[PDB]
Amino acid sequence: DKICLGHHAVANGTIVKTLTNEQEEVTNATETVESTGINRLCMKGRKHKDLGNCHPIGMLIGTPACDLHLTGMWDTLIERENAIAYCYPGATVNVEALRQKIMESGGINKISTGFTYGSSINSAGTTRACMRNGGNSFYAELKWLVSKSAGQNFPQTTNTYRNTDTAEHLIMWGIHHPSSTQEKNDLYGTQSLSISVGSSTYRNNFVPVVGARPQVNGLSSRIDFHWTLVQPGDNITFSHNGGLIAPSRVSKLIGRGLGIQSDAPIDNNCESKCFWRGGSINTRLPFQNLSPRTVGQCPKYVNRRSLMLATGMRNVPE
Amino acid sequence: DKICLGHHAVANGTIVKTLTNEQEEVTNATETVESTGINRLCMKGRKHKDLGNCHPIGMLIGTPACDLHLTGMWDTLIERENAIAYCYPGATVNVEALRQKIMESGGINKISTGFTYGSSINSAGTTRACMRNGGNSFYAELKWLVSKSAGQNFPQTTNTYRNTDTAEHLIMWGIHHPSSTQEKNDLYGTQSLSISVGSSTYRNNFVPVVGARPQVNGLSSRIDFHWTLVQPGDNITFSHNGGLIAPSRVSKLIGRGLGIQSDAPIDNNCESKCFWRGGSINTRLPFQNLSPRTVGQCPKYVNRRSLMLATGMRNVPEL
Amino acid sequence: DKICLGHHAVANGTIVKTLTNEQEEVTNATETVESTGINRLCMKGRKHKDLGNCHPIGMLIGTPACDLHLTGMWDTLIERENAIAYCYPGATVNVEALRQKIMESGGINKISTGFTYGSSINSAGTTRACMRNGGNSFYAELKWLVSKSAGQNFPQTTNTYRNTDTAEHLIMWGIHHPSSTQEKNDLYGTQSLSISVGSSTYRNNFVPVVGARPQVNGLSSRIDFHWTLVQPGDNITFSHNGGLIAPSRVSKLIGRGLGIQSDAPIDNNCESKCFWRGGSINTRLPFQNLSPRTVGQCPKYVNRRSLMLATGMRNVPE
Amino acid sequence: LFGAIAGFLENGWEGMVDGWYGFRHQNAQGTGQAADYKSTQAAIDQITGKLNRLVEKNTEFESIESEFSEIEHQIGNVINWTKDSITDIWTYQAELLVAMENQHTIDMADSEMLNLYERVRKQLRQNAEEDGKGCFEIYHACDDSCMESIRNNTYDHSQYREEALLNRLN
Amino acid sequence: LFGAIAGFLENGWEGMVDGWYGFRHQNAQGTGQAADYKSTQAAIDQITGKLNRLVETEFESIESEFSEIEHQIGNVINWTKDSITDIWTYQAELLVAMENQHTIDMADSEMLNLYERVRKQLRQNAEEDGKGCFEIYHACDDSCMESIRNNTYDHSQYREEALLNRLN
Amino acid sequence: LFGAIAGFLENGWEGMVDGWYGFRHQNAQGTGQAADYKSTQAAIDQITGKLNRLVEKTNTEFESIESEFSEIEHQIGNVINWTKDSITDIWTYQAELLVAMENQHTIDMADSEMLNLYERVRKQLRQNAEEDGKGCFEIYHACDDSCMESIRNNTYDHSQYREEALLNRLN
Ligand SMILES: *[C@@H]1O[C@H](CO)[C@@H](O[C@@H]2O[C@H](CO)[C@@H](O[C@@H]3O[C@H](CO[C@H]4O[C@H](CO)[C@@H](O)[C@H](O)[C@@H]4O)[C@@H](O)[C@H](O)[C@@H]3O)[C@H](O)[C@H]2NC(C)=O)[C@H](O)[C@H]1NC(C)=O
Ligand SMILES: *[C@@H]1O[C@H](CO)[C@@H](O[C@@H]2O[C@H](CO)[C@@H](O)[C@H](O)[C@H]2NC(C)=O)[C@H](O)[C@H]1NC(C)=O
Ligand SMILES: *[C@@H]1O[C@H](CO)[C@@H](O)[C@H](O)[C@H]1NC(C)=O
Ligand SMILES: *[C@@H]1O[C@H](CO)[C@@H](O)[C@H](O)[C@H]1NC(C)=O
Ligand SMILES: *[C@@H]1O[C@H](CO)[C@@H](O)[C@H](O)[C@H]1NC(C)=O
Ligand SMILES: *[C@@H]1O[C@H](CO)[C@@H](O)[C@H](O)[C@H]1NC(C)=O
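Which chain is which? The protein sequence lines are E, C, A, F, D and B, in order. Heads up: the first sequence runs through residues 11 to 129, 129A, 130 to 158, 158A to 158B, 159 to 263, 265 to 276, 276A, 277 to 325, numbered per the entry's author numbering. Heads up: the second sequence runs through residues 11 to 129, 129A, 130 to 158, 158A to 158B, 159 to 263, 265 to 276, 276A, 277 to 326, numbered per the entry's author numbering. Heads up: the third sequence runs through residues 11 to 129, 129A, 130 to 158, 158A to 158B, 159 to 263, 265 to 276, 276A, 277 to 325, numbered per the entry's author numbering. Heads up: the fourth sequence runs through residues 2 to 58, 60 to 172, numbered per the entry's author numbering. Heads up: the fifth sequence runs through residues 2 to 57, 61 to 172, numbered per the entry's author numbering. Heads up: the sixth sequence runs through residues 2 to 172, numbered per the entry's author numbering.
This is how it looks when you write it as structure tokens:
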């Protein structure tokens, strides 16, 4: 006559780790490390812009491939891998800080600069390198100023952008470095060239660096870009002599957005808060081993395939 | 007959979290996260200097607002929200590194460069932009060198400072960027302008550049400031023919101090080791939630308003 | 009759810390924080390289001190306190990034530029500041160009290097800054000196500037070194008038290595994965208090002399 | 560690699929099995308590390293050192967490087995004795309804004490 | 957990104020309530060891409060700082959760140690009722009770009587 | 905490170099001592396990971001400094906690293995013995040297001595 106490067990237990013991068998366990991701950019509930083959830099200066991305509002901005910033050769000074400001924004507006040029300047120049609708063109947001009368000295010119708004504006310009002394003289005259840019807080000077001899060597025609922020109430003045690629518009970065670099297709039916190069991570687990490079609200990356949390007692089979 | 065992309880217990329960009632508990803080700078026990409306850079070049702050000794240096660096407008290359150097120091002495200039140089130029006694002045630790005889070519000039001391010195100079061709010509002549500076450990060189800009304290002209450390036993040589704003004193940073950016008022009767933009934090607690930006010796900032550490048994009151 | 249960104890117990007790006596315990290191760089099993008094930078430009270190291969590169980069006094732009690129590298190959100069140029400038075999010499990988006919204008000159390899190349050059007018005139002639360098990803102009300066290694004149990465298929051109310190060879960094700055002699018979200024750390403990600066695979640094882990019960003495 | 699961209890019961803890009994009429509701819930609630903290979620981060373009070499290295540092910290914390949690989970399940066993012992009072394998040898006839009153915690020990004592003693 | 607090003891005594643990009893001369000083002090001391560990580096600024920070280094600083804060916040939460779990079970423990001390003390003169009480099977006056609290009770003195009582 | 090691067992036994826990008996033949191997290996096995976790660290490869021999740019130096010090405060606090927590559990574990041996013997003795306040069992029948080993051997059959034992307990 007898009453016996005991506990359950299962035919197949799971192995977990404790302070005192690896290989400790328990009745049940769940995974604390998310190892599987969604290979798509879940954009439900997000006002987003996919930039396609348009690089964020391209947005501000108006490269043909960004003509549909010159303005917008968004809470999310998506950058793709081989996007185009430039149609004419050259590069942007301080490029990564500018790209991050753009990728941090919630949108862009454009404001016209109001710049006009005297009779002795041709401002409507274009180039075979920058094709738009099958025609020679140029950056939408800029003007290639040259001497209307070739070989002649570019006139000492003055231009002033005034920010009459209540937020900082981002103005970009370019400096043209000619491919030879022959090219430079024809566009801008024999005179020494100086391009001066001055605000209340920013000052700088630019001198076109003149290339040599063949076009296929390293010193050939390029337009390099510079930028700065213009504060509300402040003016910025360009004093130039030939070589300035002048802004016909400046940009205004608006609010905050989340910046995503990824080549994953946009899926509008799923919602997510964490992204990486490879797509999205949606999970309640506190750790992930998908990527050390994530943006948004994410589980912390860990160097482990599996970390099992016991959800049952020691499993003691008969 | 019987004897019984029991534990106490209280009418009103307090809720804590455990590993297994977020709503677990216990007899007593206490905070781990500091929430209050003090909206003043507790400076009791510190040799401090409040800079007021003087910006740390201004100490070195000698802006008027910094006249009571050109030398000193301190263990705490306090910077304020709109302190002034520049009377004559411009900027300083690597300005934030310089500001942090000054804000880590425990003081500054000044040391004359002993610079002298030939007859054809007027070295005491002044401007409306820098004022002492309501009249035209200039940076106390620099000199605006110009042609004594206007429009004339500024002479080729050499000036050498020699660090005969046993610690490194900080020398600052400016480069004048005029606002117009005419103005540049009046000050320095029509000749090409070149300034080159060189020590054993440093080489750079500069070109005064003319351009139209907005007025800042009524000026469209600009002075760009530069600086370098001159080591013990080394000399630094200025070669120039117009455009040099020449240093008349150098600085020496002495020792170490804690630098604070905050506009909370100074309070001399209370002491602290932890400071932020609002004044101070005094607590034995290991965690605080007042601000993610603190300097000194502080509790660690956390993203929670409250974490209670139980200091009693489970609370099991009568039914 | 009676039977009794008990545990063991020892005369001399060891104090450990718990959550509830600062001074708690247990039977045994062991240290969890390593305090002892080896006073040697244990280099066994590493293809290592001890640069001795050769500074990483001097490897690329070929200072006399680095003659034994101009090419090579390694998984570990050791830099030393007395290390020399410059014989002819000067400085290098972004010197710490460059140094770091060299110290992560796993070797260096050197490739001729092929630069030739006509009869107006003496390409064999040498100096007492750069002794090599008891004779006056110069950077091994660079050439001091000067006018063959003393005092005459250095000719306008164009040199172009093409990277025809499949990896990037690092090319270094220098700009001479004479110490007097007389020197500048003798070396290059009385003309205005201009040097411009251009690739697809670099454009710049330099102007030699005369200035009086203290003697370093006997010279008051200086050389400013510049550098850039030339990509596969790209070309980089030098247009120069005098003042250029031209590359005769360019570099190629190969693969990956671990950079060590240390004072300790090498031991090629001991093994280690963890290094600091004072040598190596070979321990199984998770923590150390030797140095907060270490490279490689190390225990984590902690601000504590000792941390005792109990390996036995409470000690209750008789 | 408490004494029961993988302790003085020899093994577990695969058969008992309706709870975590329970009773097997032996009497003149045979054999029966039953699970204890309260003790299994107490263990299960504490597990879910743990799980709830686990899935507690957070801070928005933005990119500090470009996926598709080059970063400056030196700040690149700093970011690298920093991320790898942060990652070793979370790795270690995640190992610690589950190791500590798992230990405590195990020991907690043990403790609820013991507390059940202890409750029963105190009920039976002087009417049973322990066999050291988790069974209580009862010293009177105990029919199905009597077994029920034990698991149901209404078993009155005084009702059987008289018989029980003289069976324990003769 | 140990079976006592919020366990086989139905509830706490709000009326005990001179300790965390103590004795209630019923006999001829009436009832009483005394707190146990030893058990109360092993619990409290353990608590103060944790508050000790609780209350035990100098940092300077790397973020200008009043001037612009270069943008790229600014984001690296934000990221690093937010990552440190996530770490400390997770550490703060785990510390308290883990500590509170232990404090409660330690409290429970010390109560069971006192219950266990008494049980072996009384030996074969008493039987537990399951609600935390020992039914004493002999006459036990106020000086017998303190004898149980003082841990001075000699079972052998009252044994033979108590055993005649337990068996009839 | 379990009631045993710093509790109802007055003090440890230095004399027992034989193992971690064990027996001391007293019978007509004499007094003696033995160490129980199961219980001690239970405790030690959990210890060597904590130690395996302590040294089981595979490690990330770090490179240098601070120059030993040349100066680093000031602002970047200060970011680095602040980061490394913030990492070190974390590891320092982690190492302190790890040990403090581990040590607390190691003691209480050792206490538990002791209480579990005691309970095993108490139950095994059944109605032939009673406990004093200390860790001893008063056995109410003559127990042989062979009988004593039969209690540590876990082979002691209580039904064999019960009648005798019950009689001594009551008379
Ligand atoms: C830093 O600046 C210092 C000041 O110019 C430099 O020191 C100078 O270097 C020059 C040349 O190397 C030395 O010049 C010579 O002097 C001797 C006579 O010397 C003795 O007499 C002088 C005059 O009373 C006295 O000051 C000295 O201590 C000696 O007792 C002549 O025979 C030579 O023709 C020549 O004129 C300077 O003496 C020397 N000055 C000092 C204070 O040492 C120093 O070179 C600069 N450092 C660097 C890195 O360039
Ligand atoms: C930017 O330029 C405009 C004009 O070039 C400046 O504005 C004038 O400011 C004065 C006094 O503030 C007013 O009396 C005028 O009416 C303004 N002009 C107009 C048409 O609005 C302005 O001050 C400049 N900003 C800076 C910072 O220099
Ligand atoms: C580099 O030079 C070679 C030979 O002239 C030429 O084939 C190539 O197009 C040049 N590279 C570029 C990108 O211009
Ligand atoms: C002391 O501890 C170390 C490691 O835990 C161990 O090797 C040694 O056997 C212990 N010594 C004793 C006295 O047991
Ligand atoms: C850094 O973070 C703070 C807090 O959100 C914010 O005000 C600031 O814009 C951020 N800085 C950068 C570099 O974006
Ligand atoms: C950075 O911190 C280290 C540690 O004290 C110190 O040696 C060094 O001087 C500090 N460097 C800077 C940037 O001031």
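From the three backbone atoms N, C-alpha and C, an ideal C-beta is built for every residue, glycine too.
Close beta carbons around residue i, own chain, < 7 Å, minus the five adjacent residues each side
i         : result
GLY265(A) : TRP84, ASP85, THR86, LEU87, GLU114, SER115 and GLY116
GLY23(C)  : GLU35, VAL36, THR37 and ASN322
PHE125(A) : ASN166, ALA253 and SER255
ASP133(F) : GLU139
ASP231(A) : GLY100, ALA101, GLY181, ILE182 and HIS184
Contact with chain A by residue i, beta-carbon distance below 8 Å
i         : result
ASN212(C) : yes
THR165(C) : yes
8 Å Cβ cutoff met for residue i and residue j
i         : j         : result
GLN110(C) : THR61(D)  : no
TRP153(C) : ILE252(C) : yes
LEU10(B)  : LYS135(B) : yes
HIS176(C) : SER228(C) : no
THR244(A) : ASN224(E) : yes
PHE3(F)   : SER147(F) : no
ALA317(C) : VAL20(C)  : no
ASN248(C) : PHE147(C) : no
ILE73(B)  : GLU64(B)  : no
Unbroken alpha helix (DSSP H) run spanning residue i, endpoints
i         : result
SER146(C) : Segment 144-146 is the beta strand (DSSP E) holding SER146(C); no alpha helix (DSSP H) there.
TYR195(A) : 188-195
N-terminal and C-terminal residue of the beta strand (DSSP E) that residue i is part of
i              : result
residue 337(C) : Coverage of chain C is limited to positions 11 through 326, which leaves residue 337(C) absent and any answer about it impossible.
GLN34(F)       : 31-36
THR40(A)       : 39-41
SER255(A)      : Neither: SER255(A) is in no beta strand (DSSP E) and is coded neither H nor E.
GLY20(F)       : That residue, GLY20(F), is in no beta strand (DSSP E); it is neither H nor E in DSSP.
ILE118(A)      : 117-122
Sequence-distant residues of its chain with Cβ nearer than 8 Å to residue i (five each side left out)
i         : result
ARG153(D) : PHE24, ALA35 and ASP37
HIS233(A) : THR102, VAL103, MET179, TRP180, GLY181, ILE182, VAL204, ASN211 and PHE213
Residue-level contact to chain C via CB, residue i, 8 Å cutoff
i        : result
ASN28(D) : yes
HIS75(D) : no
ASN79(B) : yes
Neighbourhood of residue i by C-beta, 6 Å cutoff - its chain only, sequence neighbours within 5 removed
i         : result
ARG169(E) : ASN242
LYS59(C)  : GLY82, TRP84 and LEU87
Residue i at chain B interface by Cβ criterion, 8 Å
i         : result
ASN170(A) : no
Residue-chain proximity (residue i, chain E), Cβ-Cβ < 8 Å
i         : result
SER246(A) : yes
Cβ of residue i within 8 Å of any chain F Cβ
i        : result
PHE24(B) : no
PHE63(D) : no
ask   = Which residues are close to ligand 5, meaning CB closer than 7 Å to any heavy atom, in chain order?
value = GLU114(E), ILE73(D), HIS75(D), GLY78(D), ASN79(D) and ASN82(D)
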